[PDB]
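In the block that follows, a single chain appears as structure tokens, in the form solved without this ligand.
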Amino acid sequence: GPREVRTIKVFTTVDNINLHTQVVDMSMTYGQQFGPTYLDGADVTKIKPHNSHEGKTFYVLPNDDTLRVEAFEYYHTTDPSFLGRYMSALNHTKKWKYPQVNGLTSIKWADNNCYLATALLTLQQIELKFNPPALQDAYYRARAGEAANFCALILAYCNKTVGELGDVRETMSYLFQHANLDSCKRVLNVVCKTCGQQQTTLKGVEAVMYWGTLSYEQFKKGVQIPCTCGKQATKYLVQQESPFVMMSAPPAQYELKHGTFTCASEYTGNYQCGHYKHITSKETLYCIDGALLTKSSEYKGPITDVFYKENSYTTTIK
């Protein structure tokens, strides 16, 4: 008989839904045949096919027309490096633990993931619909307790790697861009005794996010901002249409009072070397810190984001 190649049968994919049958040469690396290749997040680019690999599914980079279409439609990304960064993160997040704390999926602390835990807890408490099929799929999986893919996707979408220190407000900003916030609208009015008044309408992400004040009530009453003429002007909320709002500000000692907010991010410590915790208002106040939970009737600490429920609001200010 003539000398012949040994092969096995595997599937490749970019979305784990459309599987593509491949015959691989056992004498070559996966990289030699597919380019960068991943097995449940593990980089097997330099590995030759094992007999145990037969029938398994491998993730590859979108390097042909079919895979580019499938990656673009599933992930809503134009970045060729997306699949690689996602799988590199999944290799770690699949090893994290995701305890249920107070009825929510949290993350046990690892790899400086405190900002991810507080973001994950927050996402389970505000009404959000993600546009990428990958995010909406992984999110439901996260609510059921299996958050590893959702966490690796958040890292990919935010261009962060495992172990990098993160920021909740920036994370929320990246994710909100992938959310359907089309019916979200905010109308603001800015009043200066000299220059008069000017109204502004904001839609989408800019209608739900605000930087500089934690108190939604204070935003309704009016916040002092500098105006172009050197006098402090007053900016106040005229109309809001959204299922929630997110008020953020530099970490500052702040009292959280039960029933007046949905949840909040505490940041202790110094700039870019501190620690996030999550505070949620249920029947009392719950402080979720990864796997850890404490309860209290009152809470005061260095708060940096507060989330509030909303539906429709219209000022009574003339």
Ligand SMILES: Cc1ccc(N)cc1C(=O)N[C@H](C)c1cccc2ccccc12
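Sequential numbering from 1, following the sequence displayed.
When the mean C-alpha temperature factors of 63-71 and 44-52 are read from the deposited coordinates, 44-52 comes out higher. Between 307-315 and 2-10, it is 2-10 that carries the larger average Cα temperature factor according to the deposited entry. In the deposited coordinates, the residue among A110, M209, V191, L120 with the greatest CA B-factor is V191. Per the PDB record, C195 has a higher Cα B-factor than any other of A134, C195, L214, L90. Sort the modelled residues of the chain by CA B factor and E283 lands in the highest third. When the CA B factors of the chain's modelled residues are split into thirds, the value for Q272 lands in the highest one. Ranked by C-alpha B-factor against the other modelled residues of its chain, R141 falls in the highest third. Compared with the other modelled residues of the chain, the Cα B-factor recorded for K231 ranks in the highest third. For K94, the recorded CA temperature factor ranks within the lowest third of the chain's modelled residues.
If you look for the form solved in complex with this ligand, you will not find it shown, but the lines that follow are about it.
Proximity to this ligand in the deposited complex, taken as heavy atoms within 4.5 Å, picks out 267-275 from the listed stretches 280-288, 40-48, 267-275, 26-34. Between this ligand and the residues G166, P99, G222, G84, the one pair within 4.5 Å by heavy atoms in the deposited complex involves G166. Within this chain, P250 lines the site of this ligand in the deposited complex, having a heavy atom no more than 4.5 Å away.
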